[PDB]
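Each of two forms of one protein chain follows alone as structure tokens, named structure 1 and structure 2.
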Structure 1
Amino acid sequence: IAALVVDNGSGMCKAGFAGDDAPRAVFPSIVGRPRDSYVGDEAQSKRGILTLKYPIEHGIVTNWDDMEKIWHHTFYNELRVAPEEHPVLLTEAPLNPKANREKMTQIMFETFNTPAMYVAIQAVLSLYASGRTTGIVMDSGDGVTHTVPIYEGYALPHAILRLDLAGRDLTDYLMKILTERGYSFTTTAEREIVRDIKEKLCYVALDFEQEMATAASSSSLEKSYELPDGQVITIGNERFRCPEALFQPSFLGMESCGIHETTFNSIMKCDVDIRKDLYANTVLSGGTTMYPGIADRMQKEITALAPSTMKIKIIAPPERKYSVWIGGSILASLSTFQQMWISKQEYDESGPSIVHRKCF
């Protein structure tokens, strides 16, 4: 009966019905082509036989036919509902070009015949999911990281900042260091193994030098992990060396500022008055923020940077990775939002620019 909510990301795609508390289907966004097409997990196992491509890069779609196949797969196979029967809500990364919005609207209306649709910004959806009026959202997914300040739900485009450090880089760095300790990971299978290790084991250190000294002397920070072959490996100081790259990009070799510095700069860039609220309503989102202990380190860093009289308060819900989708799910179920839909007749009469007329 209700509408659909589809969220597209560089690493994972999430789809579900409005009003539900969690996405019904989650799968990786990859398209396999022969050396018919394959998508998601079916392509992953076939990837040994097939050639793989990614239709999204740094949150920006770069190939459209692949994206069309991704949407077709999502709807018909994962959701098993004909699109023309339901309204469809979509998500968009901040600072997205106009042409992308127009092409997306054209595809959605003409190819799939959806009766209505809307496009929303992921950061504001995360803010909705948190349930706050004014705040600053820190978003770090698989491909890209953004910091977006919001004032009464209106995202200030000029204060937004961007950073090209995300989970993919951290996984590659973990592979590099684990090879450097003496193991051997080359192909995509070992890359998935390393991603699993990163998700399972790594954590953020509150004080890097003290933890380094402890790992230098003590055995109390070591761990072991079991591989698919049944053989085991040992992992040590690497556990917190990898996530530390967030606050010290120099490790990866990039001359860029850390996430805390970027957030502080974004807050400072806005007007003087609203700074007080942003400090007290800082929000974290995305999969990359799921590392244990990140919130305390962030709070300590921003407390060091920020003026003494301000009050800093980090917010990190346990399910923050799906928070972006949860926000969209809440929004679609609202009553007042029903008047904000773009109808099919409006697209027919006006054209794709109608999206630039409504979806905000």
Structure 2
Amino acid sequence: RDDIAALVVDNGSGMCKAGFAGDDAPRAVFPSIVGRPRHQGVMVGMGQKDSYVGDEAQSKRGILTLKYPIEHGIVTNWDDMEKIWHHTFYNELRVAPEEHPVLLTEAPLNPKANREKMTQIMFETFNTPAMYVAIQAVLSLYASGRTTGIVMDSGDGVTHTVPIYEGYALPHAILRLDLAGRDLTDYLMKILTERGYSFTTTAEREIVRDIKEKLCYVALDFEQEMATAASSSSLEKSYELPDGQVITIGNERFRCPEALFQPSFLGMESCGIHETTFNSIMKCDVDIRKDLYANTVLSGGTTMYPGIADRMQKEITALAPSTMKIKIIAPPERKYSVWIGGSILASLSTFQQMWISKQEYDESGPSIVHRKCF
């Protein structure tokens, strides 16, 4: 192309969003999975591919051992992370990472190794002209187009809360909760053994992930929901497995997401999503707090339960004083927020100087990022 518009990769733990820089929607939304087949291949018909990264794994999941390369925001296996990125440019976008500049997001307080290796790989593997690393929550604020607010983003394995006032991070106040979507999925598996459905296989876990999205919804009052669910069959809901069996679910649909509000359930002693937002406000200075309580942005995937926005409001309200009324942004496209906001930052002028360049890296090595990025 005459104009090369830098790639925005929002590499998360659960998915791998990507696209060109010119739009408010990615082109490339495929779950970050490498499938390895787990039997002898008897037929000599075709030489089947040894590995099945990307959406193909979701179709062939029956005979595969699906694995996740990124757990808790952190890249446990790179060989698998390289395979996902090769698929991202060559197959998903059909573009060259050398004839295009590129920006990769990352959750805060990740071990310094993560940033370092990302920098090496973007320069040594795909030989990128220029690269950058950004924090998720700062970009989610860009998307909502507000200079000041507190951003609470929960994805699949990391939940983080970052408070910004008049375009100034207070980084002493940035809290992070491990509890996230994967912990919610894995708790539904554990409470569907109640009604006697077992999901031991990797692929079985992915079927559970799809029930949670279809039926799980947060409740204003947990106790009142529980009483009604026990009293009557109104709540009960029924889903068709891939075999053609039916599973019926009742109270389990509003207990999958309740763990967020009381991690006592999952076994952790973390306070809540509501107490984490509150406490990040209350580490900030007195004057800044009034503007923050007013603006509270929900971002990401596990912010997409119905009920969630109405539960947060009520929750923080009780914690806060009678004045300083709290309003929660909870936008419609919050699922792709982080990426859309990454679209803008690259689009925005004066971000050019900030871009790390091969030239700089060649002198100071991968450790360049530890001084040129936040």
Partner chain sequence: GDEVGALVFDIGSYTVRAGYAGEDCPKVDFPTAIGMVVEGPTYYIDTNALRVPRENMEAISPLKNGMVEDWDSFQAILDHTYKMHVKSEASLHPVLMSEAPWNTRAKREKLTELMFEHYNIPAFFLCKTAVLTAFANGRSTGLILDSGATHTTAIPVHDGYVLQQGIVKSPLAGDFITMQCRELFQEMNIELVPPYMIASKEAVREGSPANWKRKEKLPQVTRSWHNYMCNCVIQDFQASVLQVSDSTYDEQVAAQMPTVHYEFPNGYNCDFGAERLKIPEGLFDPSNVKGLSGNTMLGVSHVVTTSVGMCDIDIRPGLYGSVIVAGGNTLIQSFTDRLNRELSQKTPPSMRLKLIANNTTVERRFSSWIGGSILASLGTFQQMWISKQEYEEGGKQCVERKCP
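Whichever C-alpha set is largest while still superposing within 1.5 Å between the two forms counts as the rigid core. Start at 1 and count along the sequence of structure 1; that gives the residue numbers used here.
**Q** Name the structure that matches the description of the form solved without the partner chain.
**A** It is structure 2; that copy is the form solved without the partner chain.
**Q** Considering only 97, 253, 228, 236, single out the residue whose C-alpha is displaced by at least 2 Å between the two structures after superposing the rigid core.
**A** Flagged residue: 97.
**Q** Taking the rigid core as the reference frame, is the Cα of residue 64 displaced by 2 Å or more between the two structures?
**A** Yes; residue 64 is a residue whose C-alpha shifts (by 2 Å or more) between the two structures when the cores are overlaid.
**Q** Is the shift of residue 146 between the two structures large enough to count as movement, that is, does its C-alpha move by 2 Å or more after the core is superposed?
**A** It does not reach a 2 Å shift.
**Q** Superposing on the rigid core, does the Cα of residue 262 end up 2 Å or more away between the two structures?
**A** Residue 262: C-alpha displaced by less than 2 Å between the two structures.
**Q** With the core fitted, just quote the Cα shift at residue 297 between the two structures, in angstrom to one decimal.
**A** Its C-alpha shift, to one decimal, is 0.4 Å.
**Q** After superposing on the rigid core, how much does the Cα of residue 156 shift between the two structures, in Å?
**A** C-alpha shift for residue 156: 1.7 Å.
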